[PDB]
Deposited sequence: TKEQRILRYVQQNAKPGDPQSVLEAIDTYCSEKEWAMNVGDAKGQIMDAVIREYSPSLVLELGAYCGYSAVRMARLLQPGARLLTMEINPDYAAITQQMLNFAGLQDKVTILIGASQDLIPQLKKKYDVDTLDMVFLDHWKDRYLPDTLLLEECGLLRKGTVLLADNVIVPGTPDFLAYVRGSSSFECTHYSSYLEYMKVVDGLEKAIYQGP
């Protein structure tokens, strides 16, 4: 119901066609995530990806956040396992006026990623945002590589990466010469990490 409540709140209080007011409505409602969203913004602005893959949609906050910065021609593919969330996310994107920039695929990442080239005509991806299941971060990273979907300069950005969580994913991207890594730790006013993200840029084979 959390995702449903968030949407209705947006629908009642936000301005249609204005992604900023949609995001502000979501943030405001949830607090009584801008640190993470701010990092997502910085990555999109720096790498200027033409095709983005998002793993996990939920209420659509991140789809809105990323798609609003893509220029004409640039697109987002969003995978979401839960059809109820995919519906919420579609409504959220319609509300923000970003529906022409995003395609939502319903299903499990491990099933859909291998079908991207043949079934959905993807060549390579410029950016991947990982925010789905944490036990899939490393397997899906490997799957993307092995399916030939990454190129030199493709940026992976993974949410909710806080040690000792995601030991395998981090061991790989850090450990491998094929990835150049940056970590982000948000503490807000605290001494303990509230959210962590990892940026990993593929260097090619």
Expected output for missing-CA ranges on the deposited sequence is 33 to 39
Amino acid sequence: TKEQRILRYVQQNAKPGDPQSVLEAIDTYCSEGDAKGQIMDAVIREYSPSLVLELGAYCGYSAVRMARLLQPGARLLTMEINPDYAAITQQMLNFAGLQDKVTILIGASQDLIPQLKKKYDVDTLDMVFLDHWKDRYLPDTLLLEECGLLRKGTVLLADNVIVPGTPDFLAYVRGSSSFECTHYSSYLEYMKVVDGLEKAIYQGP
From here on, numbers count along this sequence of modelled residues.
Mean CA temperature factor from the deposited coordinates, higher in 194 to 202 or in 2 to 10? 2 to 10
Mean C-alpha temperature factor, higher of 83 to 91 and 69 to 77: 69 to 77
Going by what the PDB entry lists, where does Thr28 fall on CA B-factor within its chain: lowest, middle or highest third? highest
Among modelled residues of the same chain, the CA temperature factor third for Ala171: middle
Chain third (lowest, middle, highest) by recorded CA B-factor, residue given as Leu142: lowest
By the record's CA B-factor, is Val163 among the lowest, middle or highest third of residues in the chain? highest
Going by the recorded CA B-factors, say which third of the chain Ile106 sits in, lowest, middle or highest. middle
